[PDB]
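Shown below: target.cif, with mmCIF, C-alpha atoms.
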```cif
data_query
#
loop_
_atom_site.label_atom_id
_atom_site.label_comp_id
_atom_site.auth_asym_id
_atom_site.auth_seq_id
_atom_site.Cartn_x
_atom_site.Cartn_y
_atom_site.Cartn_z
CA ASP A 38 4.35 18.55 15.31
CA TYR A 39 3.48 14.87 14.96
CA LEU A 40 2.12 15.01 11.41
CA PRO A 41 5.48 15.81 9.81
CA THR A 42 6.79 12.53 11.21
CA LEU A 43 3.77 10.58 9.99
CA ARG A 44 4.42 12.03 6.54
CA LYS A 45 8.02 10.83 6.70
CA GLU A 46 6.72 7.44 7.80
CA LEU A 47 4.48 7.38 4.73
CA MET A 48 7.54 8.01 2.57
CA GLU A 49 9.18 4.95 4.12
CA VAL A 50 6.07 2.86 3.46
CA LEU A 51 5.94 3.97 -0.17
CA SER A 52 9.66 3.42 -0.66
CA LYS A 53 9.20 -0.17 0.50
CA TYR A 54 6.00 -0.86 -1.43
CA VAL A 55 6.84 0.35 -4.94
CA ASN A 56 10.60 0.40 -4.45
CA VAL A 57 11.01 4.12 -5.06
CA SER A 58 13.40 6.46 -3.26
CA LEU A 59 12.56 9.39 -0.99
CA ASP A 60 13.42 11.81 -3.79
CA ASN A 61 10.65 10.22 -5.85
CA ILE A 62 8.00 11.00 -3.23
CA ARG A 63 6.17 14.28 -2.68
CA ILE A 64 3.89 14.83 0.32
CA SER A 65 2.08 18.07 1.18
CA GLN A 66 -1.15 19.32 2.75
CA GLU A 67 -3.51 21.93 1.31
CA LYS A 68 -6.50 23.71 2.84
CA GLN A 69 -9.77 22.58 1.28
CA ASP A 70 -12.62 24.68 2.66
CA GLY A 71 -12.82 24.29 6.44
CA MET A 72 -10.75 21.10 6.28
CA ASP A 73 -7.30 20.02 5.12
CA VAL A 74 -6.30 17.49 2.47
CA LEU A 75 -3.12 15.41 2.57
CA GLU A 76 -1.73 14.70 -0.89
CA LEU A 77 0.96 12.20 -1.90
CA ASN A 78 2.63 11.89 -5.29
CA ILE A 79 4.91 9.00 -6.25
CA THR A 80 6.91 8.74 -9.47
CA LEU A 81 6.78 5.21 -10.87
CA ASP B 38 -2.02 -7.45 -9.87
CA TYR B 39 0.09 -6.71 -6.80
CA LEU B 40 -0.21 -2.92 -6.89
CA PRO B 41 -3.92 -2.86 -6.07
CA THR B 42 -3.11 -4.63 -2.80
CA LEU B 43 -0.28 -2.23 -2.00
CA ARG B 44 -2.75 0.62 -2.53
CA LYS B 45 -5.16 -1.01 -0.08
CA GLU B 46 -2.25 -1.41 2.34
CA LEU B 47 -1.56 2.31 2.01
CA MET B 48 -5.17 3.00 2.96
CA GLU B 49 -4.66 0.97 6.13
CA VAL B 50 -1.48 2.88 6.94
CA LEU B 51 -3.23 6.23 6.45
CA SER B 52 -6.26 5.14 8.46
CA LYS B 53 -3.94 4.33 11.36
CA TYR B 54 -1.76 7.43 11.07
CA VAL B 55 -4.30 10.25 10.84
CA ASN B 56 -7.23 8.25 12.16
CA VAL B 57 -9.35 8.57 9.03
CA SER B 58 -11.60 5.90 7.54
CA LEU B 59 -11.25 4.13 4.19
CA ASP B 60 -14.04 6.28 2.77
CA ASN B 61 -11.89 9.33 3.47
CA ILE B 62 -9.03 8.03 1.33
CA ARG B 63 -8.66 8.23 -2.45
CA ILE B 64 -5.86 6.45 -4.30
CA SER B 65 -5.38 6.36 -8.07
CA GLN B 66 -2.63 6.25 -10.69
CA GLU B 67 -2.32 8.49 -13.75
CA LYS B 68 -0.01 8.30 -16.76
CA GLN B 69 2.56 11.10 -16.75
CA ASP B 70 4.57 10.99 -19.97
CA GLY B 71 6.35 7.64 -20.29
CA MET B 72 5.91 6.99 -16.57
CA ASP B 73 3.06 6.62 -14.07
CA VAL B 74 2.27 8.67 -10.97
CA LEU B 75 0.55 7.29 -7.88
CA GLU B 76 -1.63 9.87 -6.14
CA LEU B 77 -3.20 9.72 -2.68
CA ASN B 78 -5.76 12.12 -1.22
CA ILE B 79 -6.80 12.09 2.43
CA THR B 80 -9.58 14.20 3.95
CA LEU B 81 -8.55 15.59 7.33
#
```

Rewritten as structure tokens:
Amino acid sequence: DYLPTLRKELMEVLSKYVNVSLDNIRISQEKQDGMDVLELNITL
Amino acid sequence: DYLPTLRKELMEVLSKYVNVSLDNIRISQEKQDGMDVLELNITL
């Protein structure tokens, strides 16, 4: 419930850093074994 | 020259958000066509 908002926050941070828009950012989690991995992709 | 430091900044942001350490964060860019893609991976 809190992670979704942290992911949105990360989009803001990226938008400000490399001057991309929200549409140029992809964030998603995937299950890796017994743990999860958060993955971000930014088009530059 | 400035991007490396933004990437380090992103590590800080992630460390604070999902309470992971720097060793649990991987950030790297790859060339996609005529553009570049910034990719982040966080172990949760």

Expanded to explicit residues, what is the PyMOL selection byres ((chain A) within 9 of (chain B)) for this file, as an NGL selection string? :A and (40 or 43-44 or 47 or 50-51 or 54-55 or 69 or 72-81)

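Of note, atom CA of residue A:59 and atom CA of residue B:38 are spaced 24.0 Å apart.
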
If you measure from atom CA of residue A:41 to atom CA of residue A:65, what distance in Å do you get, rounded to one decimal? 9.5 Å

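The interatomic distance for the pair atom CA of residue A:67 and atom CA of residue B:53 works out to 20.3 Å.
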